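Visitor: Got a structure for you, questions after.
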Amino acid sequence: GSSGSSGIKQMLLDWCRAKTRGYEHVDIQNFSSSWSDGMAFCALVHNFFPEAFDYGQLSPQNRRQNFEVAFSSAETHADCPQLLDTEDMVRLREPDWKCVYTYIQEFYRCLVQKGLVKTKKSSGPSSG
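Numbered per the entry's author numbering, the sequence shown spans residues 1 to 128.
Structure follows, in structure tokens:
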């Protein structure tokens, strides 16, 4: 049927939910429009560091606040690099998945070191 045995693009989507489980007015299904509202990003973060910023405090109407806050809240103690362009994200009817995906992969790098995500070591062949 389809090619590619494994796919990071999958574990990424399935993961986000695991951390965004329960969150109201939220549902991660794809990096197409699921992150066009703004709340999405925030939620995912709030989960890790809720005290860092208030979730229910933000609003869905705010296209920037949701984004910015979501970004800053991280840089706080996660000092994560801001790749996405909130400014461009706003005007853009939908957040280019090609980009959103990058962030998720990036942040997942800071968390691991932060001590939030406990990844495993799968001893296998050399892929590099």
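Cβ coordinates follow ideal geometry from the N, Cα and C atoms, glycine included.
Is the stretch 10-25 in contact with the stretch 72-81, if contact means three or more CB pairs nearer than 8 Å?
Guide: no
Visitor: When the Cα of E106 is compared with those of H46, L12, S33, which residue comes out closest?
Guide: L12
Visitor: To which residues of the same chain is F71 closer than 6 Å at the C-beta, ignoring the five residues directly before and after it?
Guide: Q82
Visitor: Please go through the same chain and pick out, in chain order, the residues whose beta-carbon is closer than 6 Å to the beta-carbon of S36, but skip the five residues on each side of it.
Guide: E94, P95
Visitor: Going along the chain, which residues of its own chain have a beta-carbon closer than 8 Å to the beta-carbon of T119, five neighbours each way excluded?
Guide: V112
Visitor: Taking the alpha helix (DSSP H) that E75 belongs to, which residues open and close that run?
Guide: 63-78
Visitor: Quick one: grab the DSSP three-state call for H25.
Guide: DSSP, read as helix, strand or coil, puts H25 in coil.
Visitor: Rounded to the nearest angstrom, how far is the Cβ of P60 from that of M89, given a contact under 8 Å?
Guide: Approximately 15 Å separates the beta-carbon atoms of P60 and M89; this is outside 8 Å, ruling out the contact.
Visitor: Roughly how many angstroms separate the alpha carbons of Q29 and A18, rounded to a whole number?
Guide: Rounded to the nearest angstrom, the gap between the Cα atoms of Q29 and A18 is 12 Å.
Visitor: What span of residues does the alpha helix (DSSP H) with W35 cover, start to end?
Guide: Unbroken run through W35: none, as it is neither H nor E.
Visitor: For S6 and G128, I'd like the C-alpha separation in whole angstroms.
Guide: 14 Å
Visitor: If you run the structure through DSSP and keep just helix, strand and coil, what is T20?
Guide: coil
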